[PDB]
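Shown next, in structure tokens, is the structure this report addresses.
Please note: Cβ atoms are built from the backbone with ideal geometry, for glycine as well, and neighbour counts cover all protein chains shown. What follows draws every value from the coordinates through simple rules; no lab data is involved.
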Amino acid sequence: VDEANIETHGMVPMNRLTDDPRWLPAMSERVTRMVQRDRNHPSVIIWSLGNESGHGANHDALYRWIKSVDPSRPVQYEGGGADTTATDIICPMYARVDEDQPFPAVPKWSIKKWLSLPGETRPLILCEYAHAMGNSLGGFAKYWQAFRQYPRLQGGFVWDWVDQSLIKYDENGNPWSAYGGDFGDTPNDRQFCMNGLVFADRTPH
Amino acid sequence: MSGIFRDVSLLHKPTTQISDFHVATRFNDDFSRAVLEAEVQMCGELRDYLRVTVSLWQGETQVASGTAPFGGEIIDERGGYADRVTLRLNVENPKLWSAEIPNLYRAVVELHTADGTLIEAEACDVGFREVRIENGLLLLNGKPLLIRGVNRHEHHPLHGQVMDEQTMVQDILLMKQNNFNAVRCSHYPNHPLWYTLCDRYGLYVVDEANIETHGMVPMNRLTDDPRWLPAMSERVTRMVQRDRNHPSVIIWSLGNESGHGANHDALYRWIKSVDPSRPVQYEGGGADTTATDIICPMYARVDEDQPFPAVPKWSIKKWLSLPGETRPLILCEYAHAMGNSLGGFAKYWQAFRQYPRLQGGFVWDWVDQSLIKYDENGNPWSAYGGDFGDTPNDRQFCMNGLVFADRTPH
């Protein structure tokens, strides 16, 4: 699944960069440029405009462009709660099968519930599930049990394949993995960055 | 039980009298103003002079009055109806009937002479409610409906099939007392009195056509056959005319456990066309049948689904989720009450609150079915199954009761 190189986690509201009319030309290049280069490959089955960029007018405009230039591949966008008009298939991220937690303006429901919502027909694939950080994947069976159970649920991508760490050298020169801003870059989110199913080197968690 | 289980009465009608009258309600999105129009059909001789007047009375004070000359609307194409008059009454800020509140209006249809004396008078209880299915969610009066209902079989151990007027009131109080706002009668039209009680008292009523064909194999055969349609038609067609007027009924059900037949599809179409007011639901065919507006899986399990070839059953959460399905789902039955029952009852209700689409389902069944028997001593002992020796007897399974017949609460 190809992803347009747009993220705007930082901005508050997050949608502001994507939402603004002026920013559209900068936004366009990443979606537009990406399609031409990667359109040819047989393997790609999907186009994703943005990740965690929120919902903006540009995404709706951009989503329309991808369909018109290319009708071959379904387009999915996570942002806006994943219930956004732009995404062909719902991609709730970190959604819980058993239970749903809602944040005002960004409600999250159990995947079984989410398909069931009034006036919803779209197939649902999770952007992420079963976070692999540290000890992880607990209740992993439950997610998969649900996927087999429901025809509509297409399953979701696990996060994340490789823990992110950078080699560091001791005075001895032995190499120790570094998590977060070991280098002192600040503020450092530290440990959360690795998020890894398998060791970098790589070894299997 | 075969016999006359219902009252026999004699009725006298003037030579010119209105054979049938219809009451219909229209509401603004605000619901502030509702337009009510009633159509009356007059039997036999027609007089130009004679006029029909409709008066709407709420409490002791009338809200609106309607008067019309006979015949209306110039229906296409040959002629306007000679004997039909349509009267429209406009009500603003009308109280709306609801399970919590009856909010009843009283409507009187009077056919009178021009001067004029009135040949006959008809009175029908009117409740202003709008029931529609919007966006796959059943909606009453603009509000999504959560239905808690218990299937009711009209049975009395002492008097058997015939129901004392008191029993309905006693039964009605318990269901309303017990947090039950909705009652479904399976699977035959309830006593004529019974509908009237609901309208005053509170709870929603779902009418059911008196067709069942559990026995036939395949079960659908009786319903399915073209020849049987005329016999089938009478139960659905006859039922609608008699029970259409009552404010309380929110639904029409063509059949129970009759399977899926061509007739049901034809019958379902007829009910919609004759009456567009009420959603139609049919259990048979797996409940996924085209005829039913709202899915009514019976004995469906929330957590897990068991499938029988050609009749797949899925957990209710799964069933809404099925590809190309938009209909609101209400269970015909759940939480069987027989013996010890209702285990995992919490789970079903937990699901209903969780999902907007699920409207909840009627519990089965309100009254255990038992017949009094007398010992040599003459003490009365409840009888389950073919105690009398009728055979083969299904025995115990028949009672299926939430509350004791007498009645006491399980």
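Give me B:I119, B:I133 ranked fewest to most by other Cβ atoms within 10 Å of their Cβ, as a rough exposure proxy.
Details: B:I119 19, B:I133 14.
Placing the least packed residue first, the sequence is B:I133, B:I119.
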## Note on the structure
One checks the Cα atoms of region B:242-380 and finds Rg and Dmax, in Å, of 17.9, 63
### Query
At what distance in angstrom do the alpha carbon centres of region A:70-98 and region B:305-325 lie from each other?
25
### Summary
Here region B:371-385 yields Karplus 3J(HN,Hα) values (6.51, -1.76, 1.60; θ = phi - 60°; whole Hz; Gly and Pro given as x) of 10, 5, 10, 10, 6, 4, 4, x, 5, x, 10, 5, 10, 10, x
### Message
As a test of the formula, what do you get for the protein assembly as shown when each DSSP H run with n ≥ 4 contributes -39,500 (n - 2.57) and the sum is divided by the residue count, at 222 nm and rounded to the nearest 500 deg cm²/dmol?
### Response
-5500 deg cm²/dmol
### Query
When only DSSP loop residues count, what chymotrypsin sites (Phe, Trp or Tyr not before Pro) in region B:357-405 have their Cβ near at most 14 other Cβ atoms within 10 Å?
B:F388
### Query
Rounded if a/c is under 1.5, else prolate if a/b beats b/c, else oblate: with a ≥ b ≥ c from the C-alpha gyration tensor eigenvalues square-rooted, which is region A:80-123?
oblate
### Summary
Across B:324-331, the residue-averaged tally of Cβ atoms belonging to other chains within 10 Å stands at 1
### Task
Compute the long axis of helix A:57-69 from its Cα atoms, compare it with the longest principal axis of the Cα atoms of chain A, and write down the angle in degrees, 0 to 90, nearest 10.
70
### Query
In a solvent-free Debye calculation with one equal scatterer on each Cα, what is log10 I(q)/I(0) for the protein assembly as shown at q = 0.10, 0.12, 0.13 Å⁻¹, listed in the order of the q values?
-1.02, -1.25, -1.37
#### Entry: Fluctuation leader among B:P102, B:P157, B:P297 - chain B, Gaussian network, Cα springs under 10 angstrom
B:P157
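How well do other chains shield peptide A:108-116, expressed as the mean number of their Cβ atoms within 10 Å of each residue Cβ?
Across the residues of A:108-116, the mean count of other-chain Cβ atoms within 10 Å is 5.
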### Query
So what's the gap between the Cα centers of region B:1-23 and region B:232-252, to the nearest angstrom?
16
## Note on the structure
Total charge of the residues flanking B:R278 in space, meaning their Cβ is under 12 Å from its Cβ, with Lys and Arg +1 and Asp and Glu -1, is -1
### Query
Taking a quarter of the surface of the Cα convex hull of chain A, what do you get in nm²?
14.2
### Message
Counting each pair of different Cα atoms once, what's the Kirkwood radius of region B:25-83 in Å, rounded to one decimal?
### Response
13.9
### Summary
Per residue, the convex hull enclosing the Cα atoms of region A:45-137 spans a volume in Å³ of 117
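What does the charge count near B:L140 come to, summing +1 for each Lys or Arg and -1 for each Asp or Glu among other residues with Cβ under 10 Å from its Cβ?
So the environment of B:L140 carries a net charge of +2.
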#### Entry: Centre separation in Å (Cα based) which lies between region B:110-132 and region B:162-196
27
### Message
Kirkwood Rh over alpha-carbon pairs of region B:137-202, then Stokes-Einstein at 4 °C and 1.567 mPa s: what D in µm² s⁻¹, rounded to an integer?
### Response
100
### Message
Going through the cross-link list B:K13/B:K95; A:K113/B:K347; B:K95/B:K176; A:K108/B:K318, which pairs have a Cα-Cα distance over 25 Å in this structure?
### Response
B:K13/B:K95
#### Entry: Kirkwood estimate for region B:339-410, i.e. one over the average of 1/r between Cα atoms, Å
14.5
### Task
Would you mind ranking B:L10, B:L322 by Cβ crowding within 10 Å, fewest neighbours first?
B:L10, B:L322
### Task
Calculate how many DSSP beta bridges within the protein assembly as shown are antiparallel, expressed in % of all such bridges and rounded to the nearest 5.
70
